[PDB]
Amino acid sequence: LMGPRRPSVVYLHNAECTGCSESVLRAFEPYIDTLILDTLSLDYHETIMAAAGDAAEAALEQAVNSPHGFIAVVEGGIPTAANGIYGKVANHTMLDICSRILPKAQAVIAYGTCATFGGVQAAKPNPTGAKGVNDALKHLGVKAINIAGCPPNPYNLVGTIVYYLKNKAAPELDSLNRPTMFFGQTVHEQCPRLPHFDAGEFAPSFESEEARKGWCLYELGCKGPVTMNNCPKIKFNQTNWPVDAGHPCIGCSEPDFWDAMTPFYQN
């Protein structure tokens, strides 16, 4: 699957919805084909790899044990309740897979809020005891770079990987282990409706003429002021982002946002 030439990437799926995987497929300049054929060697990825079953397990073994080394990209939270029972692959708990594999990586990237902070399945009452990667594997000295969002901007994953390859190091990280080059500003300080915020011009409802006119969504729940992400700058799919679509930010790059930011339509 690998060897010299291109840097090996092992992509793992834990407790996830595959929205993070799909976000990477939206990669733009570079596109995903350039990334898989030229930039990187994608040596394990359950969503798109040809091998299945024992053949896939053999592919993963070969990648992880390569003397050339690998980068791990991890999607999904790790279910830890009932000794990891709630999530298995090849009849191995996800906790066990990640405990064995991630300490062997040259670098680990936690991609998406579930992998970084626990995410949707970690929301109260957290029946599967889901944990982010660094929380779950704290004891093994794993310190993944956290690229948060639900899903994150794929610009931020590619940028982090490119940095890493170039500099042979993690970029500057914030106190949640997120790169400051992407997560250093609040969504709000970058938002086009900030002048309305400053003037106390808030939409009182979605059907209102104030909402039609693009007034600030704070009274309708917007979490932009407490959320660190690059959404208004980079946008998604080269064309839009939640507030420009008229909907409040739900805080999706923040830890525990499912419980901290709810109810989503209140501030």
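All residue numbers are counted from 1 along the displayed sequence.
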#### Entry: 200 to 208 or 238 to 246, whichever carries the higher mean Cα B-factor
200 to 208
### Query
Quick one: higher average CA temperature factor, 55 to 63 or 225 to 233?
55 to 63
### Query
Looking at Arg178, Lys104, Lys124, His188, which has the highest CA B-factor as recorded?
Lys104
### Message
Looking at the C-alpha B-factor values in the deposited entry, which of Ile161, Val73, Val120, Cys150 comes out highest?
### Response
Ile161
## Note on the structure
Assert third(CA B-factor, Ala27) within chain per record equals lowest
### Query
Of the three thirds of its chain by CA temperature factor, lowest, middle or highest, which one includes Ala82?
highest
## Note on the structure
Quick tally, chain-level thirds of C-alpha B-factors: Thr93 sits in the middle
#### Entry: CA B-factor placement of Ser8, once the chain's modelled residues are sorted into thirds
highest
### Query
Would the CA B-factor of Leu217 place it in the lowest, middle or highest third of its chain?
lowest
